[PDB]
Amino acid sequence: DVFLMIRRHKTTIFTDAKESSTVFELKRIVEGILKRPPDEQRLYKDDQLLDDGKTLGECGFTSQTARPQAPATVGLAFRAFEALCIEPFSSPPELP
Amino acid sequence: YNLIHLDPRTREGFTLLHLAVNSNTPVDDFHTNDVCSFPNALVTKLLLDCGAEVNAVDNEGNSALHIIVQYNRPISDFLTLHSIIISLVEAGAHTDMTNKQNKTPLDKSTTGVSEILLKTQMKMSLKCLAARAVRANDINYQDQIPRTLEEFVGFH
Amino acid sequence: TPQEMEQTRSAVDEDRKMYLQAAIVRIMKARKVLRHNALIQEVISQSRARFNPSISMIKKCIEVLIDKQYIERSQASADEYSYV
Amino acid sequence: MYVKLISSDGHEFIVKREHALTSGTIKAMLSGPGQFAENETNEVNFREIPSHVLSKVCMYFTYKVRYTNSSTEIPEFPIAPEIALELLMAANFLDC
Amino acid sequence: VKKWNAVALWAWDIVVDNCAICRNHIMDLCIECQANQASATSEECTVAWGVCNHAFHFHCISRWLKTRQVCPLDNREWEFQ
Amino acid sequence: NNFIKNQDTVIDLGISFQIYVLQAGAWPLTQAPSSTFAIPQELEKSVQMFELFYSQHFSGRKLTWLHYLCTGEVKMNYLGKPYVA
């Protein structure tokens, strides 16, 4: 039960995944919910390309690491693989 | 129903629901000890079924739930406590409101049994967590929120 | 299975002792002092609608309540019982 | 199966439909005319709430789906002081 | 399996199940208060807890500590909670 | 039976539900040894759905599962499924 927050420009996807599972079906489900060809997806973990064969739980973020309160910020990139340009959320107004 | 819709109150702001909820309600020493023992889950179920204002608070700010979790006999009449807590939660009483001293009923549970029961019956919501965090952070909420939500900040 | 049949008899053999222990306490609380033999007739009187108590059952149960510091023989005579 | 939430500041959020049905107002928004029964996006345009509060309510939706009644050692929800007093309005508007 | 049946033994979520002094359940009266019927002391029966997760009747704990300050289950010094 | 129908998501457990619920205080039946039988995985989603239902309707009530009195219907998929057992 690992939690992800897939980001790409202004688009953010929240998805729950298991502890030991490869990103192949993760790419297929983001294909199914993004209506784009599956060959373009290339997710980044903190400006770092991740191994497709490696399961996401063993890719660096675990169940304890990716709490559902604030999941991992694994980015998303598409084939020109383009450089990640994820737009951060607007900062809250400062309290007086 | 007629008696509730006048909202009687005692000296310490106790609504008519609270006295049935409270264990400190005086009982006459004669045979009324045998029959009418307070708290009584039947009385609370009847009063909530007759339209008692379950969110009513006393002068000290304790709700019905705050008084019932302070019951010092959680197991001798555990059926009574369980039935009254079920009735109070099902009526619509907040399991998260705060008294005048800003204490959660879980924080005022003073009993493992009542804490377990109320956590089993707590129905958490984002509004409750947000309001509790606003109150704990002491942010100026007046004139920045809906007026109906000003009450929500008031008791959460 | 007849092996489990004896277990059911042994299980209620535990239950009959516990009821006798509560039976001794009930009479002793209302009196705080009674004759040893008169209590045996009294516990039988309160157990007619339930398990018929053999005389040896009261013997051990009274002995059990002695070491639980709830009943004790009176200093005046061993035939006189007293709440403690 | 997947629903789309758009913040006022252009940001999009995609989460499971079951996750977003825990709020009554979003359930009403999905229902009614303009349900957009393509079963993949069901996009809703929040014209008021900023991006960060929408991210927080998506996190809350996943948080409540995961811990609706289980794991009695319930984790605390990390409300930032700056995002408070604005997430309360969002929760009220969504009737979460 | 197309269809399946089962039995579920439900009991209250209290961690303690029996008072190992009178060998009775905690829901009903203790043997001290079962003797004099209702009267006036039946209403109290406060379930005293212990530091070793030991919960018994107030009367049972009172008479036990009158005998000795040892937990009835383990050789542990009794304390209230 | 209607609770699974009233769920927000269609949860087809695939097993007809007829599970009895019986008070532990009254019934003399119990389990003395461990007998720690693991739930079969084809119906392990049924009990979790039942624990979800029982907790909210009946708060503060644990449910130990006495499997020695528990019986179901056999899926003979390896036999080609003739008749039923």
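The chains carry the letters A, B, C, D, E and F, assigned in the order they are written, with residues numbered from 1 in each.
Criterion: a residue touches a chain if its C-beta (ideal position, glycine included) is under 8 Å from a C-beta of that chain, and two chains touch if they have at least 3 such contacts.
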B-F compared against D-F, more contacting pairs: B-F
Most distant chain from chain C, judged by the mean position of its C-alpha atoms: A
Intercentroid distance (Cα basis), chain E paired with chain D, Å: 47
Separation of mean Cα positions, chain E and chain C [Å, integer]: 22
Geometric centre distance via CA averages, chain F-chain E, whole Å: 31
Junction residues of chain F, two or more chains touched: 55, 60
Chain B residues counted as touching two or more neighbouring chains: 82, 116-117, 120, 139
Per-residue multi-chain contacts in chain D, two or more chains: 77, 81, 85
Touching residues (chain side chain D, partner chain F) in the complex: 18, 21, 69
Chain E residues touching chain F - in the complex, by the definition given at the top: 1-13, 25
Parts of chain A lying in touch with chain D, wherever the complex brings them together: 1, 3, 5, 10-14, 16, 32-33, 35, 67-71, 87, 89-95
Sites on chain E touched by chain B in the complex: 12-15, 26-27, 38, 40, 43-47, 49, 55
Contact footprint of chain A on chain D as seen in their complex: 1-2, 9-16, 19, 40, 50-52, 55, 58-59, 61-63, 66-67, 75, 77-78, 80-83, 85-86
